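Numbering (the UniProt record's numbering), first residue to last: 3 to 259. All C-beta atoms, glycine included, are put in the ideal place defined by N, C-alpha and C.
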Ligand SMILES: CCCCCCCCOS(N)(=O)=O
Ligand SMILES: [Cl-]
Ligand SMILES: [Zn+2]
């Protein structure tokens with residue numbers, strides 16, 4: 003009985019195998035824009051994805067991951083609330099069964115159709131494994147997706163999804179440029195949190211961009227054709243793979259603008 007997003011293994015059940023689900027700095031959270039405070043101490047955020055090198059895409063039964071070669075100093079996130087350099091390891095999305103829901107973080111309780119997570123690990127810790135054992139081991143850049151005009155840079159991902167429909171499947175996915183998934187503005191909100199999926203480790207500095215990117219109804223509809231199940235199993239569409247907002251507790255959300 004593995005964790006998932008269903009009635010019997012969903013977010014409300016995770017705390018049993020992962021007690022930290024009720025921890026002090028869980029994610030996602032609702033971003034109350036009026037309570038968020040502009041922080042002058044934040045340095046300019048730097049997203050350098052020019053040398054990013056993707057390797058492949060995988061359906062892990064929860065979402066799909068576009069993984070990158072993080073063996074070298076390429077595709078890095080720094081500045082802003084971050085100290086040092088964080089390296090891109092993979093990105094994935096969380097989406098709903100309907101356009102009215104799907105995002106994990108919410109803005110003044112507003113739910114977007116989906117949310118993109120670009121995961122990076124603090125290079126001072128050697129690698130991803132050692133990083134998830136640290137309070138500041140990870141930095142996740144979150145980007146909201148709304149349904150409207152198509153996002154040209156996302157199509158390559160959309161078109162390869164047919165080959166990884168079920169859990170366990172992976173496919174070559176080289177030369178994908180994540181720069182094509184970024185909105186114009188880098189204005190953002192930031193706060194200390196956790197991974198939004200088990201093991202829900204609290205090693206994350208969240209950086210959620212204010213400006214959402216637009217994707218077409220057709221593009222998100224293809225996300226929804228994926229399966230949670232493995233090949234040859236009863237079909238359960240991969241939708242609503244998002245965790246709801248958690249208690250803010252002893253935390254303050256800072257704005258870069
Ligand atoms: C250490 C086990 C694997 C962690 C997977 C991290 C990706 C999922 O987290 S998220 N949604 O970006 O907060
Ligand atoms: Cl279900
Ligand atoms: Zn995520």
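Shortest gap from the CB of residue 94 to any heavy atom of ligand 3: under 7 angstroms. Judged by DSSP secondary structure, residue 131 falls within the alpha helix (DSSP H) whose first and last residues are 130-133. Restricting attention to 91, 106, 20, 99, the CA atom closest to the CA of residue 229 is found in 99. Using a cutoff of 7 angstroms, the CB of residue 235 does not count as near ligand 2, since none of the ligand's heavy atoms is closer than that.
Taking C-beta atoms as the reference points, residue 104 and residue 97 count as a pair closer than 8 angstroms. Secondary structure within the region 65-116: the beta strand (DSSP E) runs of 3 or more consecutive residues, fully enclosed, are 66-70, 78-81, 87-97 (chain order).
Secondary structure of residue 138 (DSSP, three-state): coil. Just so you know, the alpha carbons of residue 224 and residue 146 end up roughly 17 angstroms apart. Taking the CA atoms as reference points, residue 251 sits about 17 angstroms from residue 191. Of all alpha-carbon atoms in 232, 258, 249, the one lying nearest the alpha-carbon of residue 61 is that of 232.
Between residue 30 and residue 253, the CB-CB gap reaches or exceeds 8 angstroms.
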